[PDB]
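Below is one structure, written out as structure tokens; the observations come after it.
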Number of protein chains: 2
Amino acid sequence: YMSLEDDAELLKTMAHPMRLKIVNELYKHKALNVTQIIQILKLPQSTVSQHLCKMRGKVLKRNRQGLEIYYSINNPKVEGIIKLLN
Amino acid sequence: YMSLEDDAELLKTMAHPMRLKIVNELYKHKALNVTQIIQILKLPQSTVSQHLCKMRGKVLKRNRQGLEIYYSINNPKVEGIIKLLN
């Protein structure tokens with residue numbers, strides 16, 4: 001059941017159009033900082049930050065390089081799903 | 001062809017433990033009626049029917065053969081995702 005709950009929560013977290021767009025970009029670029037993500041998506045800074053915040057942990061991993069914060073996919077399942085969808 | 005919104009909505013519809021169980025079972029048995037599903041999941045008919053109702057047309061296909069109504073997976077993305085999740 002835990003494998004099912006984990007998986008259900010993963011899908012739930014990814015289940016938003018702009019979040020899938022963010023995950024796809026991270027899949028295409030491996031790792032991106034918030035500024036880069038904003039640039040590509042052309043969305044309000046706060047919109048991107050809100051999405052990244054909700055995704056951090058189960059879908060994305062956060063890494064700090066200097067003063068920049070880099071996001072990348074934190075689970076092989078996420079990458080597999082994004083590939084299947086695009 | 002499916003849009004970004006269709007993909008997000010697909011994940012949202014599958015984002016429930018028992019729904020993932022249902023999809024996995026259909027993946028393994030190919031065709032199952034409500035009674036077979038209720039007996040496999042060991043859940044109330046009310047609960048199972050609601051999940052099937054929400055999934056029909058987006059995640060699952062409803063089929064009729066004589067007096068029997070059975071479900072199957074006809075969306076490639078759904079099959080692809082359930083395989084990746086196991």
Side-chain angles (χ1 to χ4, degrees), chain A, chain B residues 2-28 41 43 47 50-51 54-60 73-86:
Chain A
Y1 176 75
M2 181 62 88
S3 295
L4 280 166
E5 221 308 289
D6 282 338
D7 298 346
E9 193 53 49
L10 191 73
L11 264 38
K12 188 171 185 291
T13 305
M14 297 176 68
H16 296 274
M18 292 302 93
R19 297 194 187 174
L20 285 180
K21 194 164 179 178
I22 288 169
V23 171
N24 187 56
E25 289 306 325
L26 289 175
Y27 161 62
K28 295 191 296 178
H29 294 270
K30 178 70 164 53
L32 296 171
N33 54 50
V34 189
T35 301
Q36 297 172 311
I37 294 177
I38 292 169
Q39 171 62 58
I40 298 173
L41 280 49
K42 298 179 174 179
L43 292 168
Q45 196 168 68
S46 60
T47 293
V48 178
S49 295
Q50 301 171 314
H51 285 307
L52 289 177
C53 180
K54 306 286 284 184
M55 306 165 325
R56 186 188 63 73
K58 285 182 284 62
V59 170
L60 302 184
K61 51 182 177 184
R62 184 158 74 188
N63 287 296
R64 177 172 44 190
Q65 188 184 68
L67 176 49
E68 305 172 313
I69 295 178
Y70 285 89
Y71 288 81
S72 58
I73 291 167
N74 183 46
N75 189 313
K77 289 175 167 58
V78 176
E79 181 156 354
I81 289 163
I82 234 304
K83 294 176 187 178
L84 285 173
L85 296 181
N86 63 48
Chain B
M2 266 169 57
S3 64
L4 178 61
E5 287 66 38
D6 280 320
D7 296 327
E9 179 59 16
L10 187 68
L11 301 183
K12 181 189 178 67
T13 306
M14 300 175 67
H16 296 270
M18 289 306 99
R19 293 187 188 180
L20 289 175
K21 277 212 61 175
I22 293 176
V23 176
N24 190 233
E25 290 302 322
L26 285 171
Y27 163 63
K28 293 184 296 173
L41 277 48
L43 293 167
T47 302
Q50 187 192 182
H51 280 136
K54 220 95 172 188
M55 309 173 296
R56 172 178 62 264
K58 293 180 179 176
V59 178
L60 268 27
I73 301 169
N74 89 315
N75 191 316
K77 292 191 175 64
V78 176
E79 178 176 53
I81 294 170
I82 204 62
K83 294 225 304 178
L84 274 289
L85 292 180
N86 67 44

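Each chain gets a letter, A, B and so on, in the order its sequence line appears, and its residues count up from 1. Below, each value reflects all heavy atoms present in this structure, side chains not excepted, and no hydrogens, waters or symmetry copies.
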Using residues 71-86 of chain A as the side-chain source, report each donor-acceptor pair under 3.5 Å to any protein atom, sequence neighbours left out, with the distance given to one decimal.
from	atom 1	to	atom 2	distance (Å)
A:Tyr71	OH	A:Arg62	NH1	3.2
A:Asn74	ND2	A:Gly57	O	2.8
A:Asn75	OD1	A:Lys77	N	2.8
A:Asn86	ND2	A:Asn24	OD1	2.8
A:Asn86	ND2	A:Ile82	O	2.8

Does any non-hydrogen side-chain atom of A:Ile69 lie less than 4.5 Å from one of A:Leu52? no

| said: Quick check against the 3.5 Å criterion: does A:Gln36 have a side-chain atom that pairs as donor or acceptor with the backbone of A:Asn33? | reply: yes

So the side-chain hydrogen bond (donor to acceptor under 3.5 Å, both in side chains) pairs with at least one residue in residues 44-56 of chain A (sequence neighbours excluded) are A:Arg19-A:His51

TODO: Assess whether side chain to side chain contact (heavy atoms under 4.5 Å, CB included) is satisfied between A:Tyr1 and B:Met18, documenting all intermediate values.
DONE: CA-CA 9 Å; A:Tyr1 176 75; B:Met18 289 306 99; 4.1 Å; yes

Rounded to the nearest 0.5 angstrom, the CG-CD distance for A:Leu32 and A:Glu25 is 7.0 Å

Value for CG (A:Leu60) from OH (A:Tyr70), rounded to nearest 0.5 Å, stands at 15.5 Å

ask   = If you count the non-hydrogen atoms of other residues, nucleotides and ligands that lie under 6.0 Å from CD in A:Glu68, is the total more than 12?
value = yes

List the atom pairs, donor and acceptor, that lie under 3.5 Å between side-chain atoms in residues 3-17 of chain A and the rest of the protein, sequence neighbours left out.
from	atom 1	to	atom 2	distance (Å)
A:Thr13	OG1	A:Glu9	O	2.8
A:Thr13	OG1	A:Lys58	NZ	3.3

